[PDB]
Structures are given as C-alpha cells and as structure tokens.
Amino acid sequence: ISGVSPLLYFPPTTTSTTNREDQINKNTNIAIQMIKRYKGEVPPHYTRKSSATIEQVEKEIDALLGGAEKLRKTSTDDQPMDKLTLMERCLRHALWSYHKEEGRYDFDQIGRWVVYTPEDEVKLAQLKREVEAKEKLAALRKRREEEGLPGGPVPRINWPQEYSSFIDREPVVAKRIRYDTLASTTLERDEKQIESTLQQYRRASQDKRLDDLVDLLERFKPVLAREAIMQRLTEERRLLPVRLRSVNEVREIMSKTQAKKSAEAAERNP
Amino acid sequence: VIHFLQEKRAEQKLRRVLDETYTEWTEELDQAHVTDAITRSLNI
Amino acid sequence: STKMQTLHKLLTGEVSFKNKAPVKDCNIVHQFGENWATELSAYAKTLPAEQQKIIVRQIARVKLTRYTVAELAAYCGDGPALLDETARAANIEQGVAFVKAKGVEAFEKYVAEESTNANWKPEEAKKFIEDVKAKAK
Amino acid sequence: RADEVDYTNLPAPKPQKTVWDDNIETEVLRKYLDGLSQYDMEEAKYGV
Amino acid sequence: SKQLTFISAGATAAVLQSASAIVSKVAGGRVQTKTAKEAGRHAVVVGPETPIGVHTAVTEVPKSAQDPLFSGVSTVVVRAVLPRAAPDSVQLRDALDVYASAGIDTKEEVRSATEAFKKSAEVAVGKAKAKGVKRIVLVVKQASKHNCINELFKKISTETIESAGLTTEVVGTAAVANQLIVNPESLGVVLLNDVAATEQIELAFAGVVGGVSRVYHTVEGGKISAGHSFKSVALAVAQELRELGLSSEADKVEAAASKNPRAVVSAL
C-alpha cells in the first residue's frame with residue numbers, strides 16, 4: 001500500500017434509502033423472467049374430462065384398499081406379488097407422483113411408493129437435502145433480519161491485512177466496494193410469485209395425471225369386483241409363463257424404461 | 001380351460017399396466033444462476 | 001546515474017516493468033522511493049529542454065494516476081486541475097454523512113483505522129477530522 | 001561495484017482466496033461464492 | 001420552435017438545472033428544451049449512465065478544449081454499447097454470459113450482440129481509416145465471469161476489422177487504462193467491449209483530458225452529445241447548438257466552459 005492515498009475509503013453507501021421491498025420485487029421479476037426463459041413456453045391448456053378433487057381420489061383409494069385388505073399377504077421382495085399389492089403400488093405411485101409435483105413433500109411415503117430404482121433414490125436424497133437446506137436458510141435469514149444483521153453473505157476477511165498485502169490500493173478498494181454492496185443488498189426472492197409461475201407451468205401435466213389416475217381407479221375396480229365374485233362362489237405356451245412380477249424385477253424394468261426415456265431425451269436436444 | 005386362459009390374460013393386462021409406470025423426476029433451473037443474475041444486475 | 005536513467009526510460013514508456021505491470025505512482029514509489037519526484041526533477045535539469053518538458057509532463061500524468069479509475073471518472077469530469085478539490089469535497093461529504101449516521105466517537109475510531117490503512121500522516125488525519133466536524137456545524 | 005538492484009522488477013501481488021464462513025447460507029450459495037472468489041483472484045492477478 | 005431533447009441518466013439535479021439554465025440563457029428561447037428518456041437526434045444525455053437507444057460510444061480529444069497537460073494527443077476511444085433494456089430486466093451484456101451457464105438458449109441474444117458489435121466495429125474502422133492509423137487496440141476485461149461476451153466481441157471485431165484490412169491488438173483493462181492515462185500518444189484507436197469497467201475507463205479518459213463531450217451513435221442513425229460534469233455538459237450543449245446551426249452561440253459556450261468550468265452559466 002506504499003504511497004499516500006488521496007482519499008479515505010468510507011462505506012459505499014450513497015443510496016441511503018433503498019427499500020428492501022423494491023429489491024425483493026426486482027429479484028422476483030428477474031427470477032420469473034429467467035424461469036420463463038428456461039422452461040420455454042406455457043404448455044397448451046388441458047381440459048379435464050372428469051372433475052374430481054385430489055382429496056376425493058385419495059379417499060377412494062384408501063377406501064378401496066381398506067376394503068380389499070383381507071387379501072393382503074406379505075411376501076419377500078424377490079417373490080411374486082398379489083393382485084392386491086399390484087393395485088396398491090400402481091395407484092399409490094401415481095398418487096404420490098402427483099403430490100410430489102403439487103409440492104406436498106412427505107419423504108416417508110415418497111420414499112416407499114415412488115422410489116424403485118437407484119437413480120430414484122439419488123434423486124430423492126438430493127430433493128430432501130435441498131428442501132431441508134432451503135428451510136434452514138429461510139429460518140436463518142428471518143432470524144438474522146430480526147436481529148438486524150446484513151441480509152447478504154459477508155466473507156471472513158481482515159481488510160487491514162489485505163491493505164498491507166497488496167501494493168496498489170485500486171484492487172483492494174474495488175473488492176471492498178463489491179463486498180459492501182453485496183452485504184448491503186438482500187438476495188431474497190418472493191416465493192409466492194415463483195410458486196405461482198411454476199404452478200401455472202405444471203398445470204396441464206397435473207390435470208393429465210389426475211385424469212389418468214381416475215381412469216386407472218375405474219379400471220381396477222372391475223378386477224376387484226371379479227375377484228370378489230369368484231371368491232364368494234368358491235397358444236397356451238404364451239399364457240403358461242405369464243406371472244406377476246417380483247418386486248426386484250419391477251425395479252429392474254423401471255430402471256430400463258427410465259434409462260430409455262433418458263436416452264431419448266438426451267438425443268432430442270442435438 | 002378357457003377360464004384359465006382368460007385368467008392368465010387378465011393377469012397379463014395387470015402386469016402390463018404395472019410395467020408401463022415409471023417415476024418421472026423433473027429438473028428445475030438452479031437458483032444459483034438466478035442469484036448470479038441478480039448480483040450482475042446490481043453492477044457488482 | 002543508472003536510477004535516474006531507468007526512471008526516465010520507464011516514464012517515457014521505453015522500458016516497462018518485469019511483469020509489464022502498469023506504471024502507476026504507487027509502484028514507482030514502492031521501487032524508486034518516496035521522493036522520486038524531487039530527485040527526478042533535480043536530475044532532469046541536466047538534460048535538454050525537450051527532455052525537461054517531457055519529464056514534467058510525465059510526472060504530472062503519473063501524479064494524476066494516483067487515483068483509481070472510478071475516482072477519476074466521478075471527480076475529474078471538469079478537468080484535472082480541479083480534480084483534487086472535487087475529490088476532497090466528496091470525501092468530506094462522505095465523512096459528514098458517516099458522522100450524521102453513526103455518531104462521532106465511532107467516526108473518530110474509523111478515521112483513525114483508515115488513516116492507519118491509508119498511509120496518512122497523523123497531522124493530515126487530524127486536519128481532515130477537524131474539517132469534517134466543523135462542516136457538520 | 002557490482003549489481004545493485006533490478007529497478008524494473010516488481011514483486012507480484014500475492015493473491016489470497018476469500019474464505020466464507022461455513023453456514024447453511026454458504027452451502028446453499030457454494031457455487032456463487034466460489035465464482036465470486038475466482039473473480040476476485042482474477043482481478044487481483046490482472047489488476048482491475 | 002425547435003427542440004433539444006435532454007436525457008437524464010444518473011445525473012444529479014444540479015447538472016440538469018445548470019444545463020437547462022445554460023441553454024435558456026444562450027439560445028434566448030428560439031429553440032425549446034424538452035426532457036425525455038430516449039432520442040435519435042438533437043439530444044444531450046447527462047450523467048455517467050448509458051441511455052436507452054445508443055449502440056456506439058465514441059469519444060475523441062477536441063483540439064480547442066485540450067488541457068495543457070494533454071496538448072497534442074490524438075487518440076479515439078470507441079466503446080461498443082449493446083442494446084439497453086429496462087432497468088429491471090436482465091441486460092444483454094449479462095444475459096449473454098449467464099444464460100449460457102444456466103443452459104438456456106442464447107440465439108436471439110447472440111444475434112443482437114453480433115449486430116451491435118458489427119456496427120461498433122464499422123464505426124471504429126471508419127475512424128481509424130480517417131485518422132490514418134494502421135492498427136486498432138481491442139480492450140476486453142479478462143475476468144473469468146466475462147468469458148463469453150468478450151469472446152464473441154473479439155471473434156466479431158477482429159473478423160470485421162481484418163475484412164476491412166486493418167490489424168487488431170487485444171489487451172486487458174488495467175494495462176490499457178494506465179497506458180491511456182499516462183502515455184496516450186501510443187494508442188490511435190482503442191475499441192472497448194461493453195462492460196462497466198470499460199464505461200468507467202471511458203469516463204476517466206473523457207474527464208482527465210480536461211472535460212469533453214462524448215458522441216453517441218444511435219440505432220436510428222445520428223449523433224447525440226453526452227456529458228457528465230459541468231464543463232462536459234457545457235461542451236456537449238455547445239456542440240449540439242453548433243449542429244442546430246448556431247456558430248456564435250456555440251463559440252461563446254465553448255469559451256465560457258474553457259474559462260470557468262463549474263459556473264459557466266454565470267460566466268457567460
């Protein structure tokens with residue numbers, strides 16, 4: 001720092017009045033713009049064939065499974081499954097795949113009904129870690145705001161050492177300006193508008209999934225009806241080997257299908 | 001025996017229904033890039 | 001003799017530093033010494049008129065180079081001869097704002113710390129603090 | 001009377017990578033903070 | 001009857017009031033003075049900030065207003081300006097480098113940046129040919145963040161200049177700034193890529209020379225004057241009045257700016 005500097009470095013505060021609300025509004029507009037560009041275009045509107053709330057569908061699934069639980073026999077993972085277990089998995093998978101998109105993260109049921117392949121396990125771990133990190137960050141930033149400390153991050157620096165280290169003041173003063181401006185701004189986004197935009201984006205897919213779930217339930221009900229009817233009363237080379245798949249084989253087939261879809265998606269971009 | 005073949009056909013339909021299902025993980029723009037854009041907009 | 005010749009060549013731009021670092025006032029003061037200007041001016045008198053004028057002009061430009069680019073852009077808009085007074089007034093205004101923001105004793109401590117970091121003489125720091133206090137009221 | 005000094009030699013400014021406190025706000029913004037540190041080091045090396 | 005358009009971009013109210021007083025006192029009311037945010041002709045822009053609708057940011061060293069320290073110097077500093085969007089929206093100079101990192105498509109932005117750089121390079125080569133220099137100096141900030149905008153800037157500016165037949169020498173920001181402030185006679189034409197540091201360098205050079213008026217070339221085609229301090233704004237207004245076809249008034253304003261920088265309005 002050799003050489004008498006001409007000016008003393010006071011904090012760069014010149015915008016004495018910069019309301020946090022305006023900064024958060026700008027950070028929300030920028031985020032919305034970037035999200036819109038990344039996603040692309042709003043998907044075309046989809047009209048549900050049958051209007052049934054997700055709550056009613058969940059109630060119907062629970063009622064059907066509770067009624068049919070009589071035939072629920074536990075078996076090893078590497079064992080052929082029963083019609084009842086197959087129906088339970090096929091329905092709960094759709095239900096929880098919908099709930100995960102809708103935003104109700106329940107990492108107990110999601111980890112049991114939606115995770116079948118190791119890639120799914122990794123994705124679930126990342127999702128859970130990210131959600132917990134976001135929650136902790138939000139709580140810590142609210143507590144920091146209550147205390148009054150600067151909203152933005154502050155590096156662990158000792159500028160009296162940096163001044164001595166560098167020979168010329170210009171880079172050091174520039175660094176101080178940058179970090180003071182960073183610590184004098186709130187890198188906070190209004191999650192209500194962001195969530196609203198995301199919801200508007202994922203509306204066609206959710207409605208399609210709900211219609212598919214309703215159709216699946218209506219198609220499974222007749223099978224249980226036939227099974228109960230038979231219970232109350234009591235070329236072929238293709239139909240001899242047919243058997244319900246073991247859970248492990250289901251995992252492997254799901255892995256194959258997911259890898260195929262990933263390969264197709266990767267090939268689409270080029 | 002037609003009952004047996006019909007039963008195998010129904011089980012085949014259920015098996016096909018199960019196999020076609022696959023969990024679909026979506027990818028969303030990482031917020032670090034949004035923070036970087038916000039920082040740049042500040043002229044930092 | 002070698003030192004003056006090297007300084008003259010460096011200011012004239014014929015010879016640059018080892019790493020092609022910018023020829024600023026700070027680097028020259030670091031290498032040649034605190035009073036390089038005086039010795040260079042004394043040495044230039046033993047040279048023809050053109051070299052004397054070039055030396056004077058280069059010394060003036062290097063002295064202008066003592067501010068960061070941002071400070072020159074903000075304060076040197078209305079000429080270099082008026083740069084020093086404008087920069088001093090801006091710094092005094094910043095000091096007044098800091099005083100009105102966070103008291104006086106903290107301001108005294110902060111000015112002392114910056115003077116320690118900014119390589120300022122105690123007399124200059126005392127004059128600056130007295131001037132800002134007087135400007136406040 | 002031998003060599004005295006190479007006046008045209010300047011000790012390069014030894015940069016230091018800024019270190020951020022280890023909190024959740026740092027893990028969430030790890031990439032952005034690393035980018036800021038890299039930019040700071042580049043500025044220190046080149047000059048501005 | 002006539003109109004001068006005043007654009008305000010980050011200028012303190014004192015400077016704008018001084019400009020308005022100067023124009024009112026010198027013109028005498030024959031030409032009106034309206035305020036706006038964008039223009040293509042007969043426009044003076046006040047303040048460091050870059051207005052909306054300008055693609056090139058040329059600045060020279062006028063002979064009349066040469067400071068005694070910088071007597072005889074002749075170097076043209078042209079800053080390339082990309083199109084400016086609203087303050088809230090993400091600017092092109094940052095989008096072109098952040099979207100690539102985020103993976104978003106960057107085709108339209110690349111096209112717009114290419115058009116802007118082609119126009120700026122054409123202006124720079126025209127200036128170089130007029131002055132007679134053989135080589136131009138490109139200025140790019142060497143930070144890792146700006147690893148895409150500067151790459152495109154080089155790829156296009158060097159392409160256009162070589163197509164015109166001149167040579168280009170690329171350099172960073174600190175070295176060129178120091179050379180321009182200390183030894184500016186060794187640079188004939190220096191182009192600057194669009195970054196905040198380059199804007200600050202352009203302002204520093206325009207001020208250190210003694211206070212000058214920067215010319216902006218807009219998309220519509222034309223030249224609008226620019227100033228940031230009292231003397232610079234006075235010189236910009238003088239040039240604008242000259243363009244409108246007023247010689248004696250322009251000379252009076254220029255003389256007043258030369259004599260009394262900070263209080264030209266009272267001086268004249």
# chains A, B, ... in the order shown; residues from 1 in each chain; ligands from 1
$ closest_atom_pairs --of "chain E" --to "chain A" --cutoff "8 Å" --atoms "only C-alpha atoms" --output "CSV"
residue,atom,partner,partner_atom,distance
E:88,CA,A:26,CA,6.0
E:89,CA,A:30,CA,6.3
E:90,CA,A:30,CA,6.7
E:103,CA,A:38,CA,7.8
E:104,CA,A:38,CA,5.4
E:105,CA,A:38,CA,7.9
$ interface_residues --of "chain C" --to "chain D" --cutoff "7 Å" --atoms "only C-alpha atoms" --output "number ranges by chain"
C: 16-18, 31
$ interface_residues --of "chain B" --to "chain D" --cutoff "8 Å" --atoms "only C-alpha atoms" --output "number ranges by chain"
B: 32-33, 35-36
$ interface_residues --of "chain B" --to "chain E" --cutoff "7 Å" --atoms "only C-alpha atoms" --output "PyMOL selection string"
chain B and resi 33+37+40-41
$ write_last_selection --atoms "C-alpha atoms" --output "PDB file, in the first residue's frame"
ATOM      1  CA  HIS B  33     -27.879 -18.814 -11.590  1.00  0.00           C
ATOM      2  CA  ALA B  37     -28.009 -12.707 -12.459  1.00  0.00           C
ATOM      3  CA  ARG B  40     -24.771  -8.837 -12.028  1.00  0.00           C
ATOM      4  CA  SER B  41     -27.828  -6.584 -12.276  1.00  0.00           C
TER       5      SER B  41
END
$ closest_atom_pairs --of "chain D" --to "chain A" --cutoff "7 Å" --atoms "only C-alpha atoms" --output "CSV"
residue,atom,partner,partner_atom,distance
D:13,CA,A:166,CA,5.6
D:18,CA,A:155,CA,6.7
D:19,CA,A:156,CA,5.6
D:20,CA,A:155,CA,4.5
D:21,CA,A:156,CA,6.0
D:24,CA,A:137,CA,6.0
D:25,CA,A:137,CA,5.8
D:28,CA,A:133,CA,6.8
D:44,CA,A:171,CA,6.1
D:47,CA,A:171,CA,6.3
D:48,CA,A:171,CA,5.7
$ write_last_selection --atoms "N, CA and C atoms" --output "mmCIF file, in the first residue's frame"
data_model
loop_
_atom_site.group_PDB
_atom_site.id
_atom_site.type_symbol
_atom_site.label_atom_id
_atom_site.label_comp_id
_atom_site.auth_asym_id
_atom_site.auth_seq_id
_atom_site.Cartn_x
_atom_site.Cartn_y
_atom_site.Cartn_z
ATOM 1 N N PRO D 13 1.751 -9.234 -6.862
ATOM 2 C CA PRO D 13 0.842 -9.150 -5.714
ATOM 3 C C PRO D 13 0.301 -10.514 -5.329
ATOM 4 N N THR D 18 -10.601 -15.404 -0.921
ATOM 5 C CA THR D 18 -11.527 -15.060 0.148
ATOM 6 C C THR D 18 -12.210 -16.314 0.675
ATOM 7 N N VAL D 19 -12.290 -16.422 1.999
ATOM 8 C CA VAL D 19 -12.874 -17.577 2.671
ATOM 9 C C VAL D 19 -14.176 -17.141 3.323
ATOM 10 N N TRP D 20 -15.250 -17.865 3.032
ATOM 11 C CA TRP D 20 -16.569 -17.562 3.566
ATOM 12 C C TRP D 20 -16.850 -18.432 4.781
ATOM 13 N N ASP D 21 -17.554 -17.865 5.756
ATOM 14 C CA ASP D 21 -17.935 -18.631 6.933
ATOM 15 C C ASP D 21 -18.819 -19.803 6.529
ATOM 16 N N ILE D 24 -25.296 -22.527 6.561
ATOM 17 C CA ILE D 24 -26.214 -23.022 5.542
ATOM 18 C C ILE D 24 -26.280 -22.046 4.375
ATOM 19 N N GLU D 25 -26.207 -20.745 4.665
ATOM 20 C CA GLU D 25 -26.247 -19.744 3.607
ATOM 21 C C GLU D 25 -25.044 -19.843 2.681
ATOM 22 N N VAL D 28 -25.788 -23.321 0.508
ATOM 23 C CA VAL D 28 -26.812 -23.067 -0.499
ATOM 24 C C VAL D 28 -26.234 -22.267 -1.659
ATOM 25 N N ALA D 44 -7.335 -9.580 -8.900
ATOM 26 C CA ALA D 44 -6.081 -9.312 -8.207
ATOM 27 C C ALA D 44 -4.888 -9.589 -9.110
ATOM 28 N N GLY D 47 -5.312 -6.938 -12.326
ATOM 29 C CA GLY D 47 -5.144 -5.594 -11.806
ATOM 30 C C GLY D 47 -6.430 -4.857 -11.498
ATOM 31 N N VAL D 48 -7.477 -5.089 -12.282
ATOM 32 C CA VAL D 48 -8.769 -4.456 -12.030
ATOM 33 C C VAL D 48 -9.890 -5.363 -12.518
#
$ atom_distance --atom1 "CA of residue 182 (chain A)" --atom2 "CA of residue 13 (chain A)"
11.4 Å
$ residues_around --residues "residue 192 (chain E)" --least-positions-apart "6" --cutoff "7 Å" --atoms "only C-alpha atoms" --output "list in words"
residues 78, 79, 80, 138, 139, 140 and 198 of chain E
$ residues_around --residues "residue 27 (chain B)" --least-positions-apart "3" --cutoff "12 Å" --atoms "only C-alpha atoms" --output "number ranges by chain"
A: 35, 38-39, 101, 123, 126-127; B: 24, 30-31
$ atom_distance --atom1 "CA of residue 77 (chain A)" --atom2 "CA of residue 252 (chain A)"
12.6 Å
$ residues_around --residues "residue 56 (chain C)" --least-positions-apart "4" --cutoff "12 Å" --atoms "only C-alpha atoms" --output "MDAnalysis selection string"
(chainID C and resid 8 11:12 37:38 40:45 49:52 60:63) or (chainID E and resid 68:69)
